[PDB]
Amino acid sequence: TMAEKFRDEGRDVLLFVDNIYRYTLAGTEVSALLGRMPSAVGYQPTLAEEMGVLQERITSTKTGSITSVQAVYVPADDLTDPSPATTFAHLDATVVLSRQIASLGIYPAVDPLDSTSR
Amino acid sequence: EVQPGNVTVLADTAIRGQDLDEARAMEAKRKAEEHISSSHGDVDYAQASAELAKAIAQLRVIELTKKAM
């Protein structure tokens, strides 16, 4: 909301989100108590909508632009888990870090066979 | 060669002479000018090598176990 206020004033803004995975994990925690049947790996049934209705308002527009960087945790290093998997579709540049490279001391541990940009 | 006690005959395995050794040498040149490589005769190795090549193919093991390398 703060970034959108700065955007609508006509400015251009930087928005950094320190771990967006915790926004859906906090939904998984609450989901079962809200009386909703579990889905694929225990995730809330509304995972893709909870994620889209956020990721959709963080965009540039004709009046002003938001540039963003989002850290996206990957549980158990599993890139096919539903939560990382449903996020790749919402980003233009995806930089995929990996443990099998960091444990060589090679930093930044970016995997060039998995990073990509529009 | 004959000696006081010993005698030894140093045979050789094929007919020798400037007539034949030269044909051998000319063939040895031709095969280097025109790159003629003969196959070895080892059928055992030729089988084992092929079974090993097929078994080791598209194995993708090092992607699967997270061995750094």
# chains A, B, ... in the order shown; residues from 1 in each chain; ligands from 1
$ select_by_dssp --residues "chain B" --states "alpha helix (DSSP H)" --output "MDAnalysis selection string"
chainID B and resid 18:33 43:55 61:64
$ residues_around --residues "residue 10 in chain A" --least-positions-apart "3" --cutoff "10 Å" --atoms "only C-alpha atoms" --output "list in words"
residues 5, 6, 7, 13, 61, 62, 63, 64 and 65 of chain A
$ residues_around --residues "residue 1 in chain B" --least-positions-apart "6" --cutoff "12 Å" --atoms "only C-alpha atoms" --output "number ranges by chain"
B: 7-11
$ write_last_selection --atoms "N, CA, C and O atoms" --output "PDB file, in the first residue's frame"
ATOM      1  N   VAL B   7      76.186 -72.822 -30.090  1.00  0.00           N
ATOM      2  CA  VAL B   7      75.827 -72.374 -31.426  1.00  0.00           C
ATOM      3  C   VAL B   7      74.373 -71.949 -31.372  1.00  0.00           C
ATOM      4  O   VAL B   7      73.547 -72.620 -30.749  1.00  0.00           O
ATOM      5  N   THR B   8      74.057 -70.831 -32.011  1.00  0.00           N
ATOM      6  CA  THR B   8      72.711 -70.288 -31.976  1.00  0.00           C
ATOM      7  C   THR B   8      72.327 -69.806 -33.355  1.00  0.00           C
ATOM      8  O   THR B   8      73.112 -69.138 -34.025  1.00  0.00           O
ATOM      9  N   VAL B   9      71.111 -70.124 -33.767  1.00  0.00           N
ATOM     10  CA  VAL B   9      70.587 -69.707 -35.056  1.00  0.00           C
ATOM     11  C   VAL B   9      69.537 -68.644 -34.797  1.00  0.00           C
ATOM     12  O   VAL B   9      68.516 -68.915 -34.158  1.00  0.00           O
ATOM     13  N   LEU B  10      69.783 -67.437 -35.289  1.00  0.00           N
ATOM     14  CA  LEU B  10      68.851 -66.328 -35.120  1.00  0.00           C
ATOM     15  C   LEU B  10      67.934 -66.308 -36.330  1.00  0.00           C
ATOM     16  O   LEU B  10      68.140 -65.559 -37.279  1.00  0.00           O
ATOM     17  N   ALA B  11      66.906 -67.143 -36.295  1.00  0.00           N
ATOM     18  CA  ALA B  11      65.950 -67.156 -37.384  1.00  0.00           C
ATOM     19  C   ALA B  11      65.154 -65.862 -37.391  1.00  0.00           C
ATOM     20  O   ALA B  11      65.169 -65.090 -36.437  1.00  0.00           O
TER      21      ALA B  11
END
$ closest_atom_pairs --of "chain A" --to "chain B" --cutoff "12 Å" --atoms "only C-alpha atoms" --output "JSON lines"
{"residue": "A:77", "atom": "CA", "partner": "B:66", "partner_atom": "CA", "distance": 10.8}
{"residue": "A:78", "atom": "CA", "partner": "B:66", "partner_atom": "CA", "distance": 12.0}
{"residue": "A:98", "atom": "CA", "partner": "B:68", "partner_atom": "CA", "distance": 10.2}
{"residue": "A:99", "atom": "CA", "partner": "B:68", "partner_atom": "CA", "distance": 8.5}
{"residue": "A:100", "atom": "CA", "partner": "B:68", "partner_atom": "CA", "distance": 4.8}
{"residue": "A:101", "atom": "CA", "partner": "B:68", "partner_atom": "CA", "distance": 6.7}
{"residue": "A:102", "atom": "CA", "partner": "B:68", "partner_atom": "CA", "distance": 9.3}
{"residue": "A:103", "atom": "CA", "partner": "B:68", "partner_atom": "CA", "distance": 7.5}
{"residue": "A:104", "atom": "CA", "partner": "B:68", "partner_atom": "CA", "distance": 7.4}
{"residue": "A:105", "atom": "CA", "partner": "B:68", "partner_atom": "CA", "distance": 11.0}
{"residue": "A:106", "atom": "CA", "partner": "B:68", "partner_atom": "CA", "distance": 11.4}
$ write_last_selection --atoms "N, CA, C and O atoms" --output "PDB file, in the first residue's frame"
ATOM      1  N   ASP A  77      14.635 -27.318  -0.281  1.00  0.00           N
ATOM      2  CA  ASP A  77      15.357 -27.154  -1.536  1.00  0.00           C
ATOM      3  C   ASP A  77      14.594 -27.709  -2.724  1.00  0.00           C
ATOM      4  O   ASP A  77      15.195 -27.974  -3.767  1.00  0.00           O
ATOM      5  N   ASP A  78      13.286 -27.890  -2.598  1.00  0.00           N
ATOM      6  CA  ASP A  78      12.486 -28.571  -3.611  1.00  0.00           C
ATOM      7  C   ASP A  78      11.828 -27.532  -4.504  1.00  0.00           C
ATOM      8  O   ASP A  78      10.827 -26.927  -4.133  1.00  0.00           O
ATOM      9  N   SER A  98      21.546 -21.997  -5.448  1.00  0.00           N
ATOM     10  CA  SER A  98      21.563 -23.425  -5.183  1.00  0.00           C
ATOM     11  C   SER A  98      22.615 -23.761  -4.145  1.00  0.00           C
ATOM     12  O   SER A  98      23.660 -23.122  -4.073  1.00  0.00           O
ATOM     13  N   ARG A  99      22.325 -24.792  -3.351  1.00  0.00           N
ATOM     14  CA  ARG A  99      23.253 -25.207  -2.308  1.00  0.00           C
ATOM     15  C   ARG A  99      24.447 -25.947  -2.874  1.00  0.00           C
ATOM     16  O   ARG A  99      25.555 -25.824  -2.347  1.00  0.00           O
ATOM     17  N   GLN A 100      24.253 -26.723  -3.929  1.00  0.00           N
ATOM     18  CA  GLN A 100      25.365 -27.486  -4.469  1.00  0.00           C
ATOM     19  C   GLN A 100      26.415 -26.613  -5.109  1.00  0.00           C
ATOM     20  O   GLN A 100      27.430 -27.144  -5.560  1.00  0.00           O
ATOM     21  N   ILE A 101      26.209 -25.303  -5.167  1.00  0.00           N
ATOM     22  CA  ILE A 101      27.221 -24.372  -5.622  1.00  0.00           C
ATOM     23  C   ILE A 101      27.791 -23.571  -4.466  1.00  0.00           C
ATOM     24  O   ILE A 101      29.002 -23.378  -4.382  1.00  0.00           O
ATOM     25  N   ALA A 102      26.940 -23.114  -3.555  1.00  0.00           N
ATOM     26  CA  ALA A 102      27.439 -22.404  -2.391  1.00  0.00           C
ATOM     27  C   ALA A 102      28.408 -23.262  -1.595  1.00  0.00           C
ATOM     28  O   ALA A 102      29.390 -22.749  -1.055  1.00  0.00           O
ATOM     29  N   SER A 103      28.172 -24.566  -1.526  1.00  0.00           N
ATOM     30  CA  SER A 103      29.067 -25.443  -0.785  1.00  0.00           C
ATOM     31  C   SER A 103      30.373 -25.697  -1.516  1.00  0.00           C
ATOM     32  O   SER A 103      31.177 -26.505  -1.050  1.00  0.00           O
ATOM     33  N   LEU A 104      30.584 -25.065  -2.659  1.00  0.00           N
ATOM     34  CA  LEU A 104      31.895 -24.971  -3.272  1.00  0.00           C
ATOM     35  C   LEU A 104      32.592 -23.668  -2.931  1.00  0.00           C
ATOM     36  O   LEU A 104      33.696 -23.425  -3.420  1.00  0.00           O
ATOM     37  N   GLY A 105      31.970 -22.823  -2.118  1.00  0.00           N
ATOM     38  CA  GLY A 105      32.509 -21.518  -1.829  1.00  0.00           C
ATOM     39  C   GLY A 105      32.332 -20.513  -2.932  1.00  0.00           C
ATOM     40  O   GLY A 105      32.882 -19.414  -2.835  1.00  0.00           O
ATOM     41  N   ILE A 106      31.583 -20.846  -3.976  1.00  0.00           N
ATOM     42  CA  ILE A 106      31.407 -19.969  -5.124  1.00  0.00           C
ATOM     43  C   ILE A 106      30.196 -19.088  -4.869  1.00  0.00           C
ATOM     44  O   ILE A 106      29.059 -19.544  -4.974  1.00  0.00           O
TER      45      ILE A 106
END
$ select_by_dssp --residues "range 46-92 of chain A" --states "strand (DSSP E or B)" --output "PyMOL selection string"
chain A and resi 65-70
$ atom_distance --atom1 "CA of residue 1 in chain A" --atom2 "CA of residue 60 in chain A"
13.7 Å
$ residues_around --residues "range 18-29 of chain A" --least-positions-apart "2" --cutoff "8 Å" --atoms "only C-alpha atoms" --output "number ranges by chain"
A: 16, 31-32, 42-44, 47, 50-51, 70-74, 83
$ write_last_selection --atoms "C-alpha atoms" --output "short mmCIF file (atom, residue, chain, number, x, y, z; two decimals), in the first residue's frame"
data_model
loop_
_atom_site.label_atom_id
_atom_site.label_comp_id
_atom_site.auth_asym_id
_atom_site.auth_seq_id
_atom_site.Cartn_x
_atom_site.Cartn_y
_atom_site.Cartn_z
CA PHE A 16 12.10 -4.92 -1.71
CA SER A 31 -6.14 -22.28 6.66
CA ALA A 32 -7.19 -25.41 8.51
CA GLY A 42 -1.00 -29.55 3.14
CA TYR A 43 -1.26 -26.13 1.45
CA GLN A 44 -4.43 -24.05 1.65
CA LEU A 47 -2.79 -20.83 -2.62
CA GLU A 50 -3.79 -15.68 -2.33
CA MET A 51 -0.52 -15.33 -4.20
CA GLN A 70 11.61 -10.44 -3.93
CA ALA A 71 13.34 -13.16 -1.97
CA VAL A 72 11.51 -16.45 -2.43
CA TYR A 73 12.40 -19.25 -0.03
CA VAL A 74 12.23 -22.81 -1.40
CA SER A 83 4.65 -22.54 -3.44
#
$ closest_residue --among "A:75, A:108, A:52, A:38" --to "residue 96 in chain A" --atoms "only C-alpha atoms"
A:108
$ atom_distance --atom1 "CA of residue 48 in chain A" --atom2 "CA of residue 36 in chain A"
14.8 Å
$ residues_around --residues "residue 95 in chain A" --least-positions-apart "3" --cutoff "8 Å" --atoms "only C-alpha atoms" --output "PyMOL selection string"
chain A and resi 110-111+114-116
$ write_last_selection --atoms "C-alpha atoms" --output "mmCIF file, in the first residue's frame"
data_model
loop_
_atom_site.group_PDB
_atom_site.id
_atom_site.type_symbol
_atom_site.label_atom_id
_atom_site.label_comp_id
_atom_site.auth_asym_id
_atom_site.auth_seq_id
_atom_site.Cartn_x
_atom_site.Cartn_y
_atom_site.Cartn_z
ATOM 1 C CA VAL A 110 23.567 -18.533 -8.864
ATOM 2 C CA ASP A 111 22.740 -21.481 -11.093
ATOM 3 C CA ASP A 114 18.201 -22.244 -14.161
ATOM 4 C CA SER A 115 18.273 -18.445 -14.024
ATOM 5 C CA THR A 116 16.428 -16.631 -16.776
#
